[PDB]
Every structure is written in structure tokens, then in C-alpha cells.
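Student: Below: one structure in C-alpha cells.
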Amino acid sequence: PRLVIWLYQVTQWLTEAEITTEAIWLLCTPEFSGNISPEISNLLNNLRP
Amino acid sequence: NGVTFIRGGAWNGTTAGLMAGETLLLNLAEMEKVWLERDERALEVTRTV
């Protein structure tokens, strides 16, 4: 019952706040690609000097 | 010979070359400050050989 109440509350909040499940996954997931992205490369290049 | 102020990277592709002049202005200001702080009135000696 605790798990079901947690699921119900989370889904209700997501529906109210207009956030899709994919968005919350991308927000709170611990997994990452593991490859340096172009944004990080630009950040490093502009930060080194 | 060890002092270096123009370190490159002024023309960065992220900004398409804009804001180039500001970096040179900052470097010139740093150079002027370094010159002012370390300036000194030198002693004069004349030698006849």
C-alpha cells in the first residue's frame, strides 16, 4: 500500500505540473552516456584561457 | 621573457568571432597595470674608456 500510494501521489503531481514521465526520468536518472559531449568541449575550450 | 598576456582563443567559434575586441582590451589593461606596478626609476652611471 505504501508503494501504491507513492505511485498515485507522484503521478498526480506530474499530471498537475504538466511534466511528462520522460522529462522526470531525464531529470532524476543516475545513468549517463559516459562520452564527452560537444557542450562540455566548448565549455572546456572557452574556460582554459 | 616569461610574461604572457595574449593567450589566444580570442576568436572563438561559439560566438562566431564576436566579442573579440573585449579580450584584447582586457589583455592590454592587464599589460598596462603590470607595467605601472613594476616600473622603476633607474640609476644613471657614465663611464669613460
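Each chain of the C-alpha cells is named A, B, ... in the order shown, its residues numbered from 1; ligands are numbered from 1 in display order.
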How would you write, as a ChimeraX atom specification, the set of residues in segment 2-49 of chain A that DSSP gives as helix (DSSP H, G or I)?
Tutor: /A:2-17,21-28,38-47
Student: Next, dump the selected residues to file, keeping only C-alpha atoms, as a PDB file, in the first residue's frame.
Tutor:
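For reference, part.pdb as written:
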```
ATOM      1  CA  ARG A   2       2.852   2.427   0.644  1.00  0.00           C
ATOM      2  CA  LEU A   3       4.204   1.790  -2.850  1.00  0.00           C
ATOM      3  CA  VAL A   4       0.777   2.241  -4.423  1.00  0.00           C
ATOM      4  CA  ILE A   5       0.168   5.494  -2.540  1.00  0.00           C
ATOM      5  CA  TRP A   6       3.599   6.750  -3.605  1.00  0.00           C
ATOM      6  CA  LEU A   7       2.840   5.941  -7.239  1.00  0.00           C
ATOM      7  CA  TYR A   8      -0.560   7.634  -7.083  1.00  0.00           C
ATOM      8  CA  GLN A   9       0.832  10.771  -5.450  1.00  0.00           C
ATOM      9  CA  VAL A  10       3.750  11.059  -7.880  1.00  0.00           C
ATOM     10  CA  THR A  11       1.553  10.559 -10.943  1.00  0.00           C
ATOM     11  CA  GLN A  12      -0.971  13.110  -9.687  1.00  0.00           C
ATOM     12  CA  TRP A  13       1.788  15.660  -9.101  1.00  0.00           C
ATOM     13  CA  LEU A  14       3.253  15.038 -12.556  1.00  0.00           C
ATOM     14  CA  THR A  15      -0.139  15.458 -14.217  1.00  0.00           C
ATOM     15  CA  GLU A  16      -0.833  18.664 -12.286  1.00  0.00           C
ATOM     16  CA  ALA A  17       2.584  20.188 -13.020  1.00  0.00           C
ATOM     17  CA  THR A  21       7.406  10.871 -17.326  1.00  0.00           C
ATOM     18  CA  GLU A  22      10.331  11.075 -19.749  1.00  0.00           C
ATOM     19  CA  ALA A  23      11.184  14.566 -18.502  1.00  0.00           C
ATOM     20  CA  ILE A  24      11.241  13.467 -14.866  1.00  0.00           C
ATOM     21  CA  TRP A  25      13.348  10.454 -15.849  1.00  0.00           C
ATOM     22  CA  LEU A  26      15.891  12.694 -17.566  1.00  0.00           C
ATOM     23  CA  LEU A  27      15.798  14.962 -14.515  1.00  0.00           C
ATOM     24  CA  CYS A  28      16.391  12.325 -11.839  1.00  0.00           C
ATOM     25  CA  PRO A  38      30.186  18.992 -27.648  1.00  0.00           C
ATOM     26  CA  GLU A  39      28.781  21.333 -24.990  1.00  0.00           C
ATOM     27  CA  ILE A  40      31.377  20.173 -22.467  1.00  0.00           C
ATOM     28  CA  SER A  41      34.078  20.522 -25.121  1.00  0.00           C
ATOM     29  CA  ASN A  42      33.034  24.115 -25.798  1.00  0.00           C
ATOM     30  CA  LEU A  43      32.968  24.817 -22.064  1.00  0.00           C
ATOM     31  CA  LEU A  44      36.496  23.477 -21.619  1.00  0.00           C
ATOM     32  CA  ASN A  45      37.819  25.348 -24.657  1.00  0.00           C
ATOM     33  CA  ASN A  46      36.330  28.651 -23.504  1.00  0.00           C
ATOM     34  CA  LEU A  47      37.390  28.072 -19.889  1.00  0.00           C
TER      35      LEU A  47
END
```
Student: Quick one: which chain B residues come within 9 Å of chain A, and what is the nearest atom pair for each with the distance in Å to one decimal, counting only C-alpha atoms, rows ordered by chain and ascending number, as a Markdown table?
Tutor:
```
| residue | atom | partner | partner_atom | distance |
| --- | --- | --- | --- | --- |
| B:7 | CA | A:49 | CA | 6.5 |
| B:8 | CA | A:49 | CA | 7.4 |
| B:9 | CA | A:49 | CA | 6.9 |
| B:12 | CA | A:46 | CA | 7.7 |
| B:14 | CA | A:42 | CA | 7.5 |
```
Student: Could you please take those selected residues and save N, CA, C and O atoms as a compact mmCIF listing (two decimals), in the first residue's frame?
Tutor:
```txt
# COMPACT_ATOMS: atom_id res chain seq x y z
N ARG B 7 46.95 35.19 -24.80
CA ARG B 7 47.00 33.74 -24.70
C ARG B 7 46.20 33.03 -25.79
O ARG B 7 46.07 31.81 -25.74
N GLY B 8 45.67 33.76 -26.75
CA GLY B 8 44.90 33.15 -27.81
C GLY B 8 43.48 32.83 -27.38
O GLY B 8 43.06 33.09 -26.25
N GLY B 9 42.74 32.25 -28.31
CA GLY B 9 41.34 31.96 -28.06
C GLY B 9 40.43 33.17 -28.11
O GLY B 9 39.27 33.05 -27.72
N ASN B 12 36.64 32.85 -30.92
CA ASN B 12 36.02 31.58 -30.56
C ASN B 12 34.82 31.34 -31.46
O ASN B 12 33.99 32.23 -31.64
N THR B 14 32.18 29.72 -30.98
CA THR B 14 30.87 29.72 -30.33
C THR B 14 30.15 31.04 -30.55
O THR B 14 28.94 31.06 -30.81
```
Student: For the atom pair atom CA of residue 32 of chain B and atom CA of residue 5 of chain B, what is the interatomic distance in Å to one decimal place?
Tutor: 10.7 Å
Student: Between atom CA of residue 35 of chain A and atom CA of residue 15 of chain B, measure the distance and give it in Å to one decimal.
Tutor: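 If I compute the distance from atom CA of residue 35 of chain A to atom CA of residue 15 of chain B, I get 24.3 Å.
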Student: Could you state the separation of atom CA of residue 25 of chain B and atom CA of residue 6 of chain B in Å, given to one decimal place?
Tutor: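 So the two atoms, atom CA of residue 25 of chain B and atom CA of residue 6 of chain B, lie 10.4 Å apart.
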